[PDB]
Amino acid sequence: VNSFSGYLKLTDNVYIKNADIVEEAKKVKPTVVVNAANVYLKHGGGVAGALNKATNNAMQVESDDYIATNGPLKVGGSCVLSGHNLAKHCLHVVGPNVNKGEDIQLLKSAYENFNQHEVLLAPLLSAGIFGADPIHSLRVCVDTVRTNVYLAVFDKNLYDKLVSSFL
Ligand SMILES: CC[C@@H](Nc1ncnc2[nH]ccc12)[C@H](C)O
Ligand SMILES: [Cl-]
């Protein structure tokens, strides 16, 4: 039993809700919140910009030190950093950005990072401003993640489309 509330159950392990991931994180304080990161951990817009803003830029400060030490992530890769005031940890995961020409096959690799954590609050990887088809992202999530994932879909209209089209 966990403290996530109001989610629709899609499979044994995948749950979904129309919600602002920032507000959800502040309410639940999950062990892991997933960020829709880029390889530079430059948290400018979309989920990343919103999460970072909610940390008063502390996420960006921590991220800049991470990059200065370790260099960029790989597309499909991840790193674990602090969750600041939002969660215990933030798993920064880089899905492919179609608006940059990146290979959509890397979306499965990106979701594999979730399997290193028993429970996560997450967005749909490569959706929104990353330019992939969200119906596809949800399918890859369900077919790749085996741990317990609570998906927050910001756009209510998109949430309804995702539910009504889910196979
Ligand atoms: C990744 C695509 C989704 N983006 C988000 N999902 C959940 N919480 C969010 N907070 C700020 C953006 C955002 C879109 C609504 O389908
Ligand atoms: Cl987005």
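Residue numbers for the sequence shown follow the authors' numbering, beginning at 3 and rising by one. Cβ atoms here follow ideal geometry from the backbone N, Cα and C, with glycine treated the same way.
Query - Beta-ladder partner(s) of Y152, from DSSP - result: The residue you call residue 152 lines up with position 150 of the sequence shown. DSSP output for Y152 lists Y17, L123 as bridge partner(s).
Query raised in the report: Is there at least one non-hydrogen atom of ligand 2 closer than 6 Å to the beta-carbon of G48?
Result: Position 46 of the sequence shown holds residue 48. Correct: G48 has its Cβ closer than 6 Å to ligand 2.
Query raised in the report: Distance, Cα to Cα, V100 vs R141?
Result: To locate residue 100, count along the sequence shown from 1; it is residue 98. To locate residue 141, count along the sequence shown from 1; it is residue 139. If I take the Cα positions, the gap works out to 17 Å.
Report task. Pair every Cβ in the stretch 67-74 with every Cβ in the stretch 128-148, then say whether three or more of these pairs are closer than 8 Å. Result -> no
Report task. Report yes if the C-beta distance between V96 and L75 is below 7 Å; otherwise report no. Result -> On the sequence shown, residue 96 is found 94 positions in, with the first residue counted as 1. On the sequence shown, residue 75 is found 73 positions in, with the first residue counted as 1. Yes.
Query raised in the report: Does DSSP put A56 in a helix, in a strand, or in coil?
Result: Taking the sequence shown and counting its residues from 1, the one referred to as residue 56 is at position 54. Helix, per DSSP.
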